[PDB]
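Step one of this worksheet: look at the structure below.
All of this is worked out from the model, or read from it or from the source named; nothing here is a laboratory result. For neighbour counting, all protein chains shown are included, and Cβ atoms are generated from backbone atoms with ideal geometry for every residue, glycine included.
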Amino acid sequence: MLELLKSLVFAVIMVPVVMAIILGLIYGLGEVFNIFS
Amino acid sequence: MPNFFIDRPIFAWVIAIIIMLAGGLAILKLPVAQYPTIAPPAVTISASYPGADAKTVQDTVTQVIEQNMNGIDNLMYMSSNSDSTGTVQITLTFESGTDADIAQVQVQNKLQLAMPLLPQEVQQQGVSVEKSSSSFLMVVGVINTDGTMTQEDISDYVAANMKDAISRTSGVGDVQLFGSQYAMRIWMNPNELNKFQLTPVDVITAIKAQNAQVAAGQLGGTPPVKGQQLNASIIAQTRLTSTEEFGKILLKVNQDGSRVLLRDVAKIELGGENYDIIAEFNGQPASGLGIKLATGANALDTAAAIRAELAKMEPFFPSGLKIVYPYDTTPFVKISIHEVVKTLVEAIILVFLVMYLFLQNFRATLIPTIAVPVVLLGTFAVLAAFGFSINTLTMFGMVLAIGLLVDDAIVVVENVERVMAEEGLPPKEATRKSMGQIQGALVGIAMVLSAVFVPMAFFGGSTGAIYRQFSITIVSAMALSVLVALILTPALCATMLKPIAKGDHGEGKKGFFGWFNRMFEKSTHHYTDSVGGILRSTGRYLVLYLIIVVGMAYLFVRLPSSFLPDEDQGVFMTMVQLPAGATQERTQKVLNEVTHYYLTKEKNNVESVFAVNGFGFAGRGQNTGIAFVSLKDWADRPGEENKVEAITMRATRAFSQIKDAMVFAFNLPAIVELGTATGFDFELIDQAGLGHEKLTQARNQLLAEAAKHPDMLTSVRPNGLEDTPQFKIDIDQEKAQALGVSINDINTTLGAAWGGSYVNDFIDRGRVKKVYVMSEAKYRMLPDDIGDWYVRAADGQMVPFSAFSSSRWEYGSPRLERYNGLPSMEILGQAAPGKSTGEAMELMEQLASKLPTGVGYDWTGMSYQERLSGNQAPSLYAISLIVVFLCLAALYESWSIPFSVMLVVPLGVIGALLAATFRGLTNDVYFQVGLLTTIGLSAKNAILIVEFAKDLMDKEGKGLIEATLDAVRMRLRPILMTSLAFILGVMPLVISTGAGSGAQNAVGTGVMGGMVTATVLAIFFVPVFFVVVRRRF
Amino acid sequence: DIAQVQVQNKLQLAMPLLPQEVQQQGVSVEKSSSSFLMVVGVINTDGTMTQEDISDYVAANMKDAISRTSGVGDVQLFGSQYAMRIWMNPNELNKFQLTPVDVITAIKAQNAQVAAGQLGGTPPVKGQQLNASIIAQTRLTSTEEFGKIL
Amino acid sequence: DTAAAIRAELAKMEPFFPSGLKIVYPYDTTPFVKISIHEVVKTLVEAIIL
Amino acid sequence: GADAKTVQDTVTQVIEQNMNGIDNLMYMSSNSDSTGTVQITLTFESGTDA
Amino acid sequence: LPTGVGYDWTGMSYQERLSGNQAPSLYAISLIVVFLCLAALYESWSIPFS
Amino acid sequence: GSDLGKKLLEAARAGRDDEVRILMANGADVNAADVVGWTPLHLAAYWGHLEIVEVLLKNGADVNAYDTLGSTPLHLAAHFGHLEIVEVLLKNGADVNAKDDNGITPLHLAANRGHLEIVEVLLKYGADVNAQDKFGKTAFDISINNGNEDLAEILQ
Ligand SMILES: COc1ccc(C[C@H](N)C(=O)N[C@H]2[C@@H](O)[C@H](n3cnc4c(N(C)C)ncnc43)O[C@@H]2CO)cc1
Ligand SMILES: CCCCCCCCCCCC
Ligand SMILES: CCCCCCCCCCCC
Ligand SMILES: CCCCCCCCCC
Ligand SMILES: CCCCCCCCCC
Ligand SMILES: CCCCCCCCCC
Ligand SMILES: CCCCCCCCCC
Ligand SMILES: CCCCCCCCCC
Ligand SMILES: CCCCCCCCCC
Ligand SMILES: CCCCCCCCCC
Ligand SMILES: CCCCCCCCCC
Ligand SMILES: CCCCCCCCCC
Ligand SMILES: CCCCCCCCCC
Ligand SMILES: CCCCCCCCCC
Ligand SMILES: CCCCCCCCCC
Ligand SMILES: CCCCCCCCCC
Ligand SMILES: CCCCCCCCC
Ligand SMILES: CCCCCCCCC
């Protein structure tokens, strides 16, 4: 099962990467909503 | 209820165990098929009248049968074609839900009573009555590679040695032979016949006499003479068995006493019944088997069993015979299955990773890893118990529900963890407190989701049958999910979660998790500070929301719609159309050139070409064909340029160059019944006995006007064939009577020689097979050959056909259609780009109203369904919408607060529309079911925020803003946890290429885009919604 | 639905033993109530069509579609569809030494719809360029044509 | 339901009738059913008002 | 007046070859005899609607 | 018997075969259900085993 | 023939007056024939496209072209009751006593279908009224057998 090793790795790499993007977006959407006030 | 099972973990574990057993059993007994039954039930009546012409078939068979389809039950419409090859097909289409077995028996029984009204020769061939289906499990080709067998030979071998064994194979429901067993072919020579003053009639008479079964009786049969000893059975004449015996048939004794044997005036050989279709596979003669899956059978097991049975026949094949598998949906279904298990498993691993990331202890992490599979298994148990199958639609229904199932697990567990950190309560009493906060909402959520998704089960017709694969999969998954969340996860939390010290939010941990925790607590302050500012100035955001909604409507109305995405199914067809009157040989040269292109320019991609000369979809005849191309497996065609769509376009472009033939490749529809989303199916009808010429002209009038609104109508065209030259031969009765030549000898001479005649049967190696007479090809090719056939007069003289006949060319129809028993002409077309089919249809109706007196129209097929089941749609959004609101009103005991939830809807839809518009996808059914799971989940998130806020205001007396901020603060984490897991879990589908990627792309991109915007926007806007709604009321 | 399948299963065993003339008029097996649900009447307000004309129009343009409608057990025409009627005169038949049998034989032979096959039909000779249906006798369509039978 | 479907099918033919033809309705057993049923509906409504 | 083998080859095999794919069929049996008579019997799963 | 000659059991003997093949599975599932029911009534994993 | 003559054969049958016009101005063969020997004039005469019959003839169409069974466009026009086209063809030299392979003449064909006007025209231009077909039958013989008393009177 190369595929199961392969799925595991993408998942652990991807949990941080996508997490940052959604947190980045709300922090950033928050700051825009503060300016737009 | 949750409290009951917090103190009864073993009872909850019993339930869970049951459910997994039931689900496990279901996993073993569930049928597996690519698609469920979709098209409404149809029955097809099919007859052959060998050597007949379209009008003769129509006027002596089709009209007779149609006139007797009376008193049959549940009939929506009936259609027919009669064509110039001597074939009629009558199709009766019944209301969805009609029992196909009963429908078929009522049609077959009315036919039976019409049989005495049809020609003897048509009665002798039979009229077949069958369930209409175009869904083959696989097509097995059988070919001969050493040039020692004709396809006539192969077909007989297949029929005699293979078909019956495949028919008996486990799970196969039907087998069609793509050929026919041998027949005894007697090829007549007119010059020899005349030499001996004989005619085809004489040959026919002799064969019927000397190849026949004659009853005799018995020795010592009852009543016996007393004293009789022996009782035996008398065998007299029995059927011939061999060409040698047929050749020895006695035809005449001359005056000198010499004998004329059949073989002296006819060539005799075993051959085919039909010489209409020449099938080749990479240039070699071929036959094949078309195999259909039985009801309730497993496709994967049956295909494997078929291959096993074929395997054990291989040792006995004659030299040069070889099995090939041009068409086999099973490999595709295998990948679909794997992809769906892979998806479910990855989802369970992602929830494990995300639970650990946020909660940082393995005990919490185990709980969804237990709950989710219990719900999945239990859902196959429910599914099976009303006998859905594992099919493509139900399989994607399962992945579209993953978000809802995962969210139920996360919500229950996270809330217990939160309560423990915020209060120091022991796991058991914290779970009790936690479940008290959300059990009401979870039930409310179950009602609301059941009011979004149930309504789509009740559409009608084919698209209704599709929607309800999804509707019942998802509703059962979601109902099992809430049951498990109220009984199993609470018990598990209470017994498996470890206590959390009051105030501990992990900010003082070391390494990564302390960092993560500090960082996330900080991120939560930002967000709430921002929400606080938003809530001090609600006006600007109501305007922003309206902007979003308008942008949603605009985006929506631009996105073109379809039904189901095309796939690289490993095959495509290419169609070959020559002009009128073109011969079999000309078509073969074009098919040969087509096959040569594929095996040469696409050498890497193409495994095989099955070139079938004589069979097309818009009509049959010598002048049409189809080359059916099968590819190497996806694994060896990497890259968008070696996929079907690419090959197709390149192929069609290369063939634009063939002159004197219309030749063009197209992909297969995912489901062959559905035609186009864009398209319509129009029937023009002769309602007052106008006649063929006038109907044709009315058709042409309509087609000319359609062509003048290219803004609205495109590709508006006839489905059928155009009049062609034919040969009018008039028999002069007076001259016939004056010569003493009987009309019956004349007409059977003509028909038997030029059309062929099925005389009777013989027995070839234990199997009954047909006998045919016909002229040798070389004496039935041209008008001058007419005068070479002689008939014997009453006075013994042989009279050439030219003495009593006259002949001229005229034009006539090689395919006559009827619709509900009136002559008809089918017209196809589609809406021009940017136009709805409704608009195109409305114009077609307008144009049709201006046609000649007596000419009417009707809408059929896909357009019948469109008309009736668009009528339905509005009433069902209305019922959905009302019940959603009524459930919310009960949940919150308020007539107004429900609006603060419902407003959340467009927030998910806008990101889904955006994702689809940007990737150039369409509004197809996968996108619209995804559009509904996204709405479901964001509605869920909002229901919990508003429930949390309201409880804070009602129970802890907090102010409007204070409660909203606190509620939104509490739900931030679980909302994020769920979104992270779902967006990641659906990511492989969005980027996926290869087999089934069309569907995977359709469900992934819309869901991921919607989940992004629903997540990011909802958390800012429902606190706005809640605050402005409470303020107004 | 099944009483009718069962009955008809047994009837078809008797069917071949019935007179050809009974068979050709078509036997029906129907499952319907014995009372009329409704009578749809049809008249001509301009008096441009006789009773016989109306019943043919009704029979040929309306009755079949109603009989196929769902829930319709039996349709009884209050009239008769047209046929081609041949009214024999015994005196002229005797004058020309004919009987009704000679007339009937002539009508079958000369009001015929015959399958005659094809030019260049399959299987063909090599190099054929022509494929064309052969059309021979067709069914007659007016009294005029029935009248010129020889 | 069956009477409604018949009428619907008849309606499809009227447009193509030769001059003069006209459908008339000399005998129908269904109208009484619909009408007697609706009179019962009326008494239910009236009863609620009373 | 036919004989078992003529009856088998022209009637029994013809029917049996088309008795495929019927729903819930457990086994099938037939005899063809020298009086020219055939009986083909299909036996269905218990609980099948006869 | 010679190769190519097989056998099958029909009629009442087919049922005999089937009703012994099933029996093991029907004692096993019966016992499991009894055990799981007992665990739920007494809310205990041991009284069931006892 | 060529690609343009195949286009013309089609345009003549479908009555695309404009396409014919263009193809005339690009030299499409007016004597292109399909498998049975039908020229664009045969087709226009059969399906009744008068303007195209006129156009075709002005471009040198053989007015007395015959199909593989010996039938000319005048036979077709007269049989199918296209009176103008019959006149136009005759005015352009169509052989009025043309016989096809069966000995059938245009007068015969029109008499059989009962086209009285066309029969008069044909006679006017010198149709031989006593023309016999391969069975020795005249237009008169035909009118009596067909019971056409009007036509029987004209032939007399
Ligand atoms: C001109 O424009 C169009 C556009 C689309 C179509 C496709 C058609 N719906 C369709 O059914 N297409 C087909 C096939 O692509 C594939 N297939 C597989 N085997 C066969 C088979 N034989 C019996 C010879 N015959 C026909 N189709 C086979 O399954 C489907 C039907 O059984 C045709 C014409
Ligand atoms: C336990 C007290 C809260 C009441 C929640 C009841 C759930 C309402 C569901 C809507 C029913 C139509
Ligand atoms: C199949 C059920 C597994 C039970 C494991 C429980 C072990 C503890 C038993 C004592 C509880 C009273
Ligand atoms: C009035 C006390 C209610 C007791 C609740 C028990 C419900 C258990 C359902 C399984
Ligand atoms: C599938 C059987 C697993 C049973 C787990 C029960 C754990 C007992 C803790 C109360
Ligand atoms: C008390 C056990 C609840 C049963 C639900 C499992 C699904 C089986 C439905 C047929
Ligand atoms: C025995 C049938 C194979 C079923 C295993 C795959 C289940 C996938 C769930 C949709
Ligand atoms: C189906 C998952 C197996 C159950 C194991 C439960 C672990 C906790 C009990 C001590
Ligand atoms: C076809 C059924 C679609 C129903 C949409 C209703 C949306 C309300 C969501 C709260
Ligand atoms: C018209 C057929 C629709 C059947 C589906 C019924 C839905 C029940 C959902 C609980
Ligand atoms: C095939 C129609 C059957 C409808 C019943 C489904 C009920 C769903 C329960 C989850
Ligand atoms: C489907 C929406 C029903 C509308 C009810 C609104 C309540 C009025 C506000 C108190
Ligand atoms: C059918 C939906 C009815 C909605 C009721 C609204 C009540 C108004 C409360 C003031
Ligand atoms: C034509 C039927 C569409 C059913 C799915 C509804 C789409 C939901 C959009 C809000
Ligand atoms: C064929 C006999 C084998 C029986 C083994 C299983 C017994 C049932 C366990 C409850
Ligand atoms: C073949 C499977 C055997 C299962 C044994 C069941 C014993 C249950 C007692 C708890
Ligand atoms: C005291 C709770 C009773 C639960 C019974 C559930 C099983 C029977 C339907
Ligand atoms: C919850 C499942 C009960 C329905 C079982 C009967 C299925 C018949 C199609």
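If you check B:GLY464, B:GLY436 for being away from ligand 13 (no atom under 16 Å from the Cβ), part of a helix (DSSP H, G or I) and closer than 17 Å to B:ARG971 by Cα, only one passes: B:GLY436.
Applying the criterion of at least 2 residues that are closer than 19 Å to B:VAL986 by Cα and more than 11 Å from ligand 9 (Cβ to nearest atom) to the helices (runs of 4 or more DSSP H) found wholly in segment B:895-959 leaves B:905-918, B:925-956. Filtering segment B:327-350 to residues that are away from chain A (no Cβ under 14 Å) and either more than 12 Å from ligand 7 (Cβ to nearest atom) or small (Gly, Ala, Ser) (or both) leaves B:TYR327, B:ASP328, B:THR329, B:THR330, B:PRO331, B:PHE332, B:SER336. Selection of segment B:736-770 for residues being acidic (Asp, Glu) and either facing another protein chain (nearest Cβ under 7 Å) or not in a helix (DSSP H, G or I) (or both) yields B:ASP761, B:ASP764. With respect to B:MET478, is the statement that it is of a type in the set (A, V, I, L, M, F, W, C) and within 16 Å of ligand 2 (Cβ to nearest atom) true? Spelling it out, B:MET478 is indeed of a type in the set (A, V, I, L, M, F, W, C) and within 16 Å of ligand 2 (Cβ to nearest atom). Of the residues making up segment B:423-437, none is within 14 Å of chain A (Cβ to nearest Cβ), touching a residue at least 12 places away in the same chain (Cβ under 8 Å), on the phi > 0 side of the Ramachandran plot and more than 16 Å from ligand 10 (Cβ to nearest atom).
Within segment B:15-56, if we keep just the residues that are surrounded by fewer than 19 Cβ atoms within 10 Å (Cβ to Cβ) and within 20 Å of F:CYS37 (Cβ to Cβ), the residue that is nearest to ligand 4 (Cβ to nearest atom) turns out to be B:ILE18. A single entry from B:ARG620, B:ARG637, B:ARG650 fulfils the requirement of being within 14 Å of chain C (Cβ to nearest Cβ) and either away from ligand 8 (no atom under 16 Å from the Cβ) or over 26 Å from B:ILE38 (Cα atoms) (or both): B:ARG620. Scanning segment B:280-333 for residues that are of a type in the set (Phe, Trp, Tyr) and not in a strand (DSSP E or B) returns B:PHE316, B:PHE317, B:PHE332. Residues in segment B:733-743 that are of a type outside the set (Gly, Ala, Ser), surrounded by fewer than 19 Cβ atoms within 10 Å (Cβ to Cβ) and either touching a residue at least 40 places away in the same chain (Cβ under 8 Å) or not assigned by CATH to the domain that holds B:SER807 (or both): B:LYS735, B:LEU739.
Here B:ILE17, B:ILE45 are screened, and the one residue that is within 16 Å of ligand 5 (Cβ to nearest atom) and either in contact (Cβ under 8 Å) with a residue 60 or more places away in the chain or away from chain C (no Cβ under 14 Å) (or both) is B:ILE17.
What pairs come out if I take residues in segment C:82-109 that are over 19 Å from C:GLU144 (Cα atoms) and pair them with residues that are hydrophobic (A, V, I, L, M, F, W, C) whose C-beta lies under 7 Å away, six or more apart or interchain? Partner pairs satisfying both residue conditions: C:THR99/C:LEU93; C:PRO100/C:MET88. Look at segment C:58-76: where a residue is within 7 Å of another protein chain (Cβ to nearest Cβ) and a partner is hydroxyl-bearing (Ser, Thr, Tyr), sitting 6+ places away or on another chain with Cβ atoms under 9 Å, you get C:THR69/D:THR2; C:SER70/D:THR2; C:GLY71/D:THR2; C:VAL72/C:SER32; C:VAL72/D:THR2; C:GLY73/C:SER32; C:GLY73/C:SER33. Do the conditions hold for B:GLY320, that is, is it within 16 Å of ligand 9 (Cβ to nearest atom) and touching a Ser or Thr at 6+ places or on another chain (Cβ under 6 Å)? No; evaluated as a whole, the condition is false for this residue.
Looking across segment C:1-14, just one residue is within 9 Å of chain B (Cβ to nearest Cβ), loosely packed, with under 13 Cβ neighbours inside 10 Å and part of a helix (DSSP H, G or I), and that is C:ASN9. Taken over segment B:771-822, the residue count meeting the criterion of being under 47 Å from the mean Cα position of the chain (by Cα), within 14 Å of chain G (Cβ to nearest Cβ), surrounded by 17 or more Cβ atoms within 10 Å (Cβ to Cβ) and part of a loop (DSSP other than H, G, I, E, B) is 1.
Tell me which strands (runs of 3 or more DSSP E) are completely within segment B:591-708 and hold 2 or more residues being closer than 20 Å to B:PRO579 by Cα, or say none if there are none.
Of the strands (runs of 3 or more DSSP E) lying wholly inside segment B:591-708, those with at least 2 residues that are closer than 20 Å to B:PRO579 by Cα span B:606-613, B:624-631, B:662-666.
Against the list (1) away from chain E (no Cβ under 14 Å); (2) in a loop (DSSP other than H, G, I, E, B); (3) surrounded by 20 or more Cβ atoms within 10 Å (Cβ to Cβ), the condition B:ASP153 fails is (2).
Search segment B:440-454 for residues being crowded, with 21+ Cβ neighbours inside 10 Å and under 32 Å from the mean Cα position of the chain (by Cα), and hand back the single one that is nearest to ligand 2 (Cβ to nearest atom). Taking the candidates together, the pick is B:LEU449.
So that you can scan it fast, the table gives a plain yes or no per residue for (1) at positive phi; (2) of a type in the set (S, T, N, Q); (3) part of a loop (DSSP other than H, G, I, E, B):
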| site | (1), (2), (3) |
| --- | --- |
| B:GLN237 | no, yes, yes |
| B:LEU251 | no, no, no |
| B:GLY257 | yes, no, yes |
| B:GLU269 | no, no, no |
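For B:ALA371, state whether it is part of a helix (DSSP H, G or I) and more than 41 Å from the chain's Cα centre (by Cα). So B:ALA371 fails the test. May I ask you to verify whether G:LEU43 is part of a helix (DSSP H, G or I) and away from chain B (no Cβ under 13 Å)? So G:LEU43 does not fit the description; no.
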